[PDB]
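Numbering (the entry's author numbering), first residue to last: 4 to 154, 160 to 348. Each residue gets a CB set at the ideal place from its N, CA and C atoms; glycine is no exception.
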Ligand SMILES: Nc1ncnc2c1ncn2[C@@H]1O[C@H](COP(=O)(O)OP(=O)(O)NP(=O)(O)O)[C@@H](O)[C@H]1O
Ligand SMILES: [Mg+2]
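Following this line, the structure appears as structure tokens:
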């Protein structure tokens, strides 16, 4: 029995990568055809809302798991898609967190460029309605919020009558798909990325791409829906013994791991939520920004990314365990009406 509106979880297993083939890894994950199950270490089974094996292409991930969620923003809901998993697991790949214009029309494009396409397709169908879209794009780098659309210090202020405000963050008002994707491209070029042994293009920050959507009926300008879509490419857990990181790179890894610890503590707290519980959102900027997304006013999809390689079994088990806990989180999305 599942009561209410849980966080949904898609488990995505990428294929083996060159590093793993080089080191002689075997696959340690197996799948059960047509069932949303994965078997790990040929022994332990986990069930999710979706399971995508290594052959699953970007288009299928999007159409199966993401598109139905995005369509909910047109009913006036907030929604979040967040990718979570070890370094090198495929979060940025899945999300399109490194998309550039060079990738336009490549079937390898990920979630964010696909969301932008879909939003404008749906807007064009909804000829009886008018829309306002704005985008912001930030990263959380070594515990600071940096504006990725900014080629002063940004701070979180809690409004008493509902919600976080990110003071000093810029927004662009967009008109069509092309200028919306330009924002993604621009922010992606600013995202802090560096090499480690586990990923030559490791994300050194958590990135959040936000589209604010206002919808109103053309025959009635006073009433609207106003909601937000957050598209989140987290940084991933890493171990110095595998990354070989030193200096500033290792400091990034420490800050990343600490934040992900805070996220794990939030997920664990929410799994058994009840009256009088405490959930440690306040412990990190990341978990403050994800407060509505996890346990609050949002429809939320986690894309949990894993490597199939036996050398990563421990990390993969950690991701599977936390992704299993995330399914127990109950959200309370409402229709975000506004009247003027
Ligand atoms: N499903 C997939 N199919 C094929 N290649 C993949 C897939 N997922 C990831 N890759 C490749 O694996 C490498 C690492 O992916 P990436 O998405 O950068 O990892 P990440 O999870 O974002 N790591 P990090 O930012 O360090 O926490 C890249 O070269 C990707 O193109
Ligand atoms: Mg990444």
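For residue i, which of the options has the nearest alpha-carbon?
i: residue 41; options: 79, 331, 226 and 119; result: 331
i: residue 200; options: 70, 226 and 151; result: 151
i: residue 309; options: 175, 286 and 85; result: 85
i: residue 141; options: 164, 132 and 342; result: 164
i: residue 236; options: 90, 101 and 343; result: 343
i: residue 156; options: 96, 335, 316 and 233; result: Not modelled: residue 156, which lies between 154 and 160, the two residues flanking a gap in the chain.
i: residue 61; options: 98, 28 and 46; result: 98
i: residue 93; options: 55, 8, 174 and 135; result: 55
i: residue 318; options: 30, 17 and 148; result: 30
i: residue 302; options: 275, 223, 111 and 21; result: 275
i: residue 250; options: 26, 339, 8 and 9; result: 26
i: residue 208; options: 268, 148, 21 and 77; result: 21
i: residue 221; options: 33, 75 and 338; result: 75
i: residue 125; options: 168, 281 and 78; result: 78
i: residue 9; options: 337, 320 and 268; result: 337
i: residue 297; options: 148, 70, 176 and 320; result: 148
Measuring only the C-alpha atoms, how far is residue i from residue j?
i: residue 19; j: residue 187; result: 35 Å
i: residue 213; j: residue 325; result: 23 Å
i: residue 106; j: residue 121; result: 17 Å
i: residue 197; j: residue 161; result: 20 Å
i: residue 206; j: residue 285; result: 38 Å
i: residue 266; j: residue 231; result: 43 Å
i: residue 225; j: residue 348; result: 13 Å
i: residue 28; j: residue 95; result: 23 Å
i: residue 246; j: residue 90; result: 6 Å
i: residue 17; j: residue 219; result: 28 Å
i: residue 183; j: residue 136; result: 7 Å
i: residue 248; j: residue 241; result: 21 Å
i: residue 38; j: residue 73; result: 24 Å
i: residue 243; j: residue 211; result: 6 Å
i: residue 174; j: residue 35; result: 44 Å
i: residue 272; j: residue 228; result: 44 Å
i: residue 170; j: residue 304; result: 11 Å
i: residue 130; j: residue 123; result: 12 Å
i: residue 283; j: residue 316; result: 39 Å
i: residue 44; j: residue 50; result: 15 Å
i: residue 133; j: residue 341; result: 23 Å
i: residue 168; j: residue 47; result: 45 Å
i: residue 323; j: residue 281; result: 26 Å
Can you name, in chain order, every residue of its own chain whose Cβ lies under 6 Å from the Cβ of residue i, other than the five neighbours on each side?
i: residue 253; result: 204 and 261
i: residue 13; result: 53, 68 and 311
i: residue 327; result: 88, 312 and 314
i: residue 239; result: 84, 115 and 217
i: residue 143; result: 213, 214, 293 and 294
i: residue 180; result: 138 and 191
i: residue 346; result: 232 and 234
i: residue 11; result: 52 and 309
I need the DSSP call for residue i, collapsed to helix, strand or coil.
i: residue 6; result: coil
i: residue 310; result: strand
i: residue 228; result: strand
i: residue 61; result: helix
i: residue 247; result: coil
i: residue 262; result: helix
i: residue 342; result: coil
i: residue 329; result: helix
i: residue 109; result: coil
i: residue 163; result: strand
i: residue 46; result: coil
i: residue 295; result: helix
i: residue 86; result: strand
i: residue 182; result: strand
i: residue 236; result: strand
i: residue 40; result: strand
i: residue 77; result: helix
i: residue 123; result: helix
i: residue 20; result: coil
i: residue 321; result: helix
i: residue 133; result: strand
i: residue 205; result: coil
i: residue 173; result: strand
Can you list, in chain order, the residues of its chain with a C-beta nearer than 7 Å to that of residue i? Leave out the 5 residues immediately preceding and following it.
i: residue 65; result: 114 and 117
i: residue 58; result: none
i: residue 300; result: 81 and 306
i: residue 257; result: 202 and 204
i: residue 193; result: 102, 103 and 104
i: residue 166; result: 172
i: residue 159; result: Since the model of the chain includes 154 and then 160 but nothing between them, residue 159 has no atomic positions to report.
i: residue 111; result: 61
i: residue 178; result: 139, 150, 152 and 153
i: residue 128; result: none
Kindly list the residues whose CB is nearer than 8 Å to the CB of residue i, restricted to its own chain and excluding five residues on each side of it in sequence; keep chain order.
i: residue 270; result: 288, 291, 292, 294 and 295
i: residue 259; result: 145
With hydrogens ignored, establish whether the beta-carbon of residue i is closer than 7 Å to any heavy atom of ligand 4.
i: residue 100; result: Among the ligands in the structure shown, ligand 4 does not appear; only ligand 1 and ligand 2 can be found there.
- Check your reading: residues with Cβ closer than 6 Å to ligand 1 heavy atoms: Counting every residue whose Cβ lies closer than 6 Å to a heavy atom of ligand 1, we get 17, 18, 20, 88, 90, 91, 92, 93, 94, 95, 96, 207, 209, 210, 211, 243, 244 and 313.
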